[PDB]
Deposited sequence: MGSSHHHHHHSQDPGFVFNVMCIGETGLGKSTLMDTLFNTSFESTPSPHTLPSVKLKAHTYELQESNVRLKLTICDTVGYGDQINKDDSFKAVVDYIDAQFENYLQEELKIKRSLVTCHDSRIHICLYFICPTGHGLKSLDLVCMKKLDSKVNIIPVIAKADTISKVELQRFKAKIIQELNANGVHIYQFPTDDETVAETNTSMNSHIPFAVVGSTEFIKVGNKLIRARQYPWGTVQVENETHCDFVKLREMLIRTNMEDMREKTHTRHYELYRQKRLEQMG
């Protein structure tokens, strides 16, 4: 099946697993994590749905320690481990790349806290360590916490801080003229203000969040960018993630190891 590997980077409770269930219309194994974990680690589960072999790699314990200095190795070591596993498979004399399980992270969704100001220091350091390792898609988790007036200035400061530090984020392919106009506004709404919900409210059965002042429809474009975030699931966009992962990120790690190996 289609081996698509996703990595959700985000602080504990920001709705990583809720958004994955919302985006694939299913219910993955999603046990919560406590804020009392000594270090940032990763939990990866594999699922066969639709037909694709999805691998969701969640960040467990992110942004909870009082000392978050060494909260980047476990992420980078994992992403570098999958690259070395694919590289060592190439070096094998009697190799089997057709049946080899490509466990390399193709896309990585970064959940930003809906604070309203900008990126935390943790966000900038983590993205600059991974900008040359994985395709990064920043999103604003719990986007309903922010009004549309503030969301305008929020995406402004986020994009400004990213393009001021030289953080290489993922952009959707505009080579094909057909998807050129659609992927233009697609890239222009990054970061995607996303709202995840597993509950349903009566309507004409629809994913929404029930507040005493209103209901936030997840599949409403005027409410959140979930309809746009779902566009990453098409075959051409997924292929572009795997294409860029092997052409740029993995080939960079391969040329590094080939230098070290002499």
property: Chain regions without C-alpha coordinates, deposited sequence numbering; result: 1 to 14, 65 to 68, 223 to 224
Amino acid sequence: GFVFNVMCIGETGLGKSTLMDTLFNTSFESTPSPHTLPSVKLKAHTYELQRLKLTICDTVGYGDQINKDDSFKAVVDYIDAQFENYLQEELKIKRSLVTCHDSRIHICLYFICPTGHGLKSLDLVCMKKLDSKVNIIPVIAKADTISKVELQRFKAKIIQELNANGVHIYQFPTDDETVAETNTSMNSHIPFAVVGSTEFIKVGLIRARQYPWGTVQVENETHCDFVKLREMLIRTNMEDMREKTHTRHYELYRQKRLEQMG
From here on, numbers count along this sequence of modelled residues.
item: 170 to 178 versus 135 to 143 - greater average Cα B-factor per the deposited record; value: 170 to 178
item: 125 to 133 or 180 to 188, whichever carries the higher mean Cα B-factor; value: 180 to 188
item: Largest Cα B-factor, entry values, listed residues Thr59, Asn67, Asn220, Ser33; value: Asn220
item: Criterion, highest CA B-factor; candidates, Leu229, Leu42, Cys224, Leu37; value: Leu229
item: Third assignment of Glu239 from its chain's C-alpha B-factors; value: highest
item: Chain third (lowest, middle, highest) by recorded CA B-factor, residue given as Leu14; value: lowest
item: Among modelled residues of the same chain, the CA temperature factor third for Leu258; value: middle
item: Third of the chain, ranked by Cα B-factor, where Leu52 sits; value: highest
item: Relative C-alpha B-factor of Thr99, binned into the chain's lowest, middle or highest third; value: highest
